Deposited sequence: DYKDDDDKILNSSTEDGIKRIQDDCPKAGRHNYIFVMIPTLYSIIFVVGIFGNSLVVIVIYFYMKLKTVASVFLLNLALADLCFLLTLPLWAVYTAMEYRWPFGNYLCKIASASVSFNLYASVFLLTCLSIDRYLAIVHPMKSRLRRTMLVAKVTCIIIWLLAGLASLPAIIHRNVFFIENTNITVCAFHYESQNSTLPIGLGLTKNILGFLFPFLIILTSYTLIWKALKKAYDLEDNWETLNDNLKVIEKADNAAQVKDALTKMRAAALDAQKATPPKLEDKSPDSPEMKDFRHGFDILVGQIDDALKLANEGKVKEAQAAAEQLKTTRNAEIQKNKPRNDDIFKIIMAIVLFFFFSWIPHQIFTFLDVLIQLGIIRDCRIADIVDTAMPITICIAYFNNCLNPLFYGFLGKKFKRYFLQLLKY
């Protein structure tokens, strides 16, 4: 005479005194830190910086998506605190789950576009500049909003308030009926919410890794030649000359490997001349002719009296790229595994309430690590900007 009455297979699954106490406490921390954290991000990025880059648009919408999810968070904290009892009705049930699902798909899709933007702004800054305008930045977002809504559309449909017959506990959840709701609901979160975005983000930063590694390896090969060439100028015997000429010959071969991305045949031929000029200098060092080999190595720098500006570069960028990929991986792979197991329990192989408990006990644990590490995404991505860090520390 009202809502749908459901029989629960494993009613005592995930119900523990330590889950009802720790989970709402962590939700309050995520609520306090998330709101205080993300709100200040949207201030600096809009009122202090006026949104003039494409990443600035992605960063603002990334923080607003987290802010929308945090507003519905007080509903889930008390929901867990009441031993999973939902009094908020069916209206807030369809909205709370949709808001959590929408913002989780939107935040991951936004991190995907941010990676594609960094790959374009680094490897091809000149060509991709005219394509990456401010209009495309706002158009990309409304495509993400529509995709995050369409992917979370089954969440607004199959999320009803149910009354368990054998426990008299009214809950808001998904009804995994025997047959006659799609099982692809849990799959979409695994492939569209993790697999597909991770393979695109990893490919972007890996291509940035290989692009920056080639640039720094080439920069260090020239540094290897110039530094060793100054050792010949201050050399004494033929042993100290051959030791430096042997290191320069390997550096010329390593620099011959780098190739961005007839023009490249001229690049490698320019180093075959370099290696060839090192061979003759090595021939004089093997015979024991120091002052003659010193002139052969000094004629090498004939192509080069004003000191020029040095190329700025950081060796710590690889720590950032690796941390960015791992911080996204190890923050969703706990929730993605226990969700994949749920798909096996949903309609398949697993028929045991003893292991269905470890799924419902560790699910809010994985939701907290997914929620806490995602609500800090716009903050830490923003700290990677020298201009953003200065304004944020002033507030």
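A.B. asks: List the gaps, meaning deposited-sequence segments with no CA coordinates, ordered along the sequence.
C.D. replies: No coordinates exist for the deposited residues in 1-15, 196-197, 279-287, 331, 423-425, so these stretches are absent from the model.
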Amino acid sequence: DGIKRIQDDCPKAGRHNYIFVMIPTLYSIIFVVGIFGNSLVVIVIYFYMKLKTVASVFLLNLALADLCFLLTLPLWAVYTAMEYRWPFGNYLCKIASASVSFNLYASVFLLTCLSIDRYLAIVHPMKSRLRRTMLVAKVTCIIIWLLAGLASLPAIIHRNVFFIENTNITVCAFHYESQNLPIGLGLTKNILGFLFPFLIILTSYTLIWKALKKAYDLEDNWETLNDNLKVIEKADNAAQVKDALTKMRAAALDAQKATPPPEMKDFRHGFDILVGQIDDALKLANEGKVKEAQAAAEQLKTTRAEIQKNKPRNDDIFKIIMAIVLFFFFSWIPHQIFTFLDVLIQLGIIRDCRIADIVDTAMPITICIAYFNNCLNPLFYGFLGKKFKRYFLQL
From here on, numbers count along this sequence of modelled residues.
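A.B. asks: Mean CA B-factor: is it higher for 52-60 or for 340-348?
C.D. replies: According to the PDB entry, the answer is 340-348.
A.B. asks: Quick check: 244-252 versus 93-101, which has the larger average CA B-factor in the record?
C.D. replies: Mean CA B-factor is higher for 244-252.
A.B. asks: Quiz for you: based on the deposited Cα B-factor, which of 83, 280, 220, 117 is highest?
C.D. replies: In the PDB entry, the greatest C-alpha B-factor among 83, 280, 220, 117 is found at 280.
A.B. asks: Which listed residue, 319, 127, 311, 257, has the largest C-alpha temperature factor in the record?
C.D. replies: By C-alpha B-factor in the record, 257 ranks first.
A.B. asks: Can you work out whether the C-alpha temperature factor of residue 132 puts it in the lowest, middle or highest third of the chain?
C.D. replies: Ranked within chain, residue 132 CA B lands in the lowest tercile.
A.B. asks: Ordered by C-alpha B-factor within the chain, which third holds residue 88? Give me lowest, middle or highest, please.
C.D. replies: Ranked within chain, residue 88 CA B lands in the lowest tercile.
A.B. asks: Pull the Cα B-factor of residue 153 out of the PDB entry and bin it into the chain's lowest, middle or highest third.
C.D. replies: Middle third of the chain for residue 153's C-alpha B-factor.
A.B. asks: By the recorded C-alpha temperature factor, relative to the other modelled residues in its chain, which third is residue 22 in?
C.D. replies: As the PDB entry reports it, the C-alpha B-factor of residue 22 lands in the middle third of its chain.
A.B. asks: Thinking about Cα B factors across the chain, which third does residue 234 belong to?
C.D. replies: It belongs to the highest third of the chain when residues are ordered by C-alpha B-factor.
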